[PDB]
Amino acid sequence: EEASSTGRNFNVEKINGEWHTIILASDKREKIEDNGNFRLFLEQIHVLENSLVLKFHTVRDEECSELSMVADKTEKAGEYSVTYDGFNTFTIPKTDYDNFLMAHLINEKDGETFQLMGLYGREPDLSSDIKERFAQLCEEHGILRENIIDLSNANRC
């Protein structure tokens, strides 16, 4: 079972748990890049009453650093915000709770805006079909093949 966060049938409860950064794509590649700060490796989701705790790490030349953020429930169902290098809101366009998770986020800081999508898996790697499916969704959001980065095997600390 597939579900949207927007969807009337979404069980947030099941987003809970261990997740993995498999692919990131941005509108602004630099964010996704080597010393970029949207370059985050999801570690786990702890679902809360109205919030979500996301613990991730960042990696500057193979050394990792742990970071936890609290995204909260905005008024719009399935959507949340979190304050990070400006103001961010995100949704989960697609998930199957047990294997993959796809996100869509909107960073808006100082009048400047950028789009970021990610493919997260329950395991460090997902199939080429998913990556591909994840790849056609980004194209429909205006992000090109040169803007998608597969972190599937660098996602390990």
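Residue indices: 1-based, along the sequence shown.
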Mean B factor on CA atoms, stretches 86-94 and 110-118, record says higher is 110-118
For 57-65 versus 95-103, entry-based mean Cα B-factors point to 57-65
From the entry's CA B-factor values, the highest among 147, 21, 9, 16 is 9
Among 47, 32, 42, 70, highest Cα B-factor in the entry goes to 47
So, residue 125's CA B-factor, relative to its chain, sits in which third? The lowest
So, residue 152's CA B-factor, relative to its chain, sits in which third? The middle
